[PDB]
Amino acid sequence: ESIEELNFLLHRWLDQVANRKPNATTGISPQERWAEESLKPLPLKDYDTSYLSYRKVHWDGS
DNA sequence: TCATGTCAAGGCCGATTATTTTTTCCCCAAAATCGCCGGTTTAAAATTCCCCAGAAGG
């Protein structure tokens, strides 16, 4: 009934089975290969992805 | 070094485990069938005993 609930269930399902079941070709649990991965470090501050609009305040202040 | 399809599930087969049913084996008792031996009966074959004729010897 809520997208937050759906995302929570999806993440739990992934971490339970999807990223735990061994792959049919690599034949190994994805998390072990993840541990083998070497990704570049993240920046401290994330690229701000937020709608930016300019508005005007009414006479009263509303 | 570019760019470059990949993973999961379903179905089928084989092997293993569990449950049920059927068949066999062993031992004991009773009945039936079959086998062997002996005796009896029937049929066929063999041997010995009396009178007629022929042949041989003195």
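Coordinate-derived values only; no laboratory data. In this analysis, Cβ positions are derived from the backbone assuming ideal geometry, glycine residues included, and neighbour counts consider all displayed protein chains.
Considered as a group, the residues in the stretch A:2-61 that are more than 16 Å from the chain's Cα centre (by Cα) and of a type in the set (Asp, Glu) include one that is farthest from DNA strand B (Cβ to nearest atom), and that residue is A:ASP60.
Taking the condition assigned to a loop (DSSP other than H, G, I, E, B), surrounded by 10 or more Cβ atoms within 10 Å (Cβ to Cβ) and either basic (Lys, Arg) or in contact with a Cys (Cβ under 9 Å, 6 or more places away or on another chain) (or both), does A:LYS21 pass?
Values: assigned to a loop (DSSP other than H, G, I, E, B): yes; surrounded by 10 or more Cβ atoms within 10 Å (Cβ to Cβ): yes; either basic (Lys, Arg) or in contact with a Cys (Cβ under 9 Å, 6 or more places away or on another chain) (or both): yes.
The answer is yes for A:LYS21.
Annotation note: Cβ proximity below 6 Å between a residue of the stretch A:22-41 that is at negative phi and a residue that is surrounded by 10 or more Cβ atoms within 10 Å (Cβ to Cβ) and among the aliphatic types (A, V, I, L, M) (sequence gap 6+ or interchain) occurs for A:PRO22/A:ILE28.
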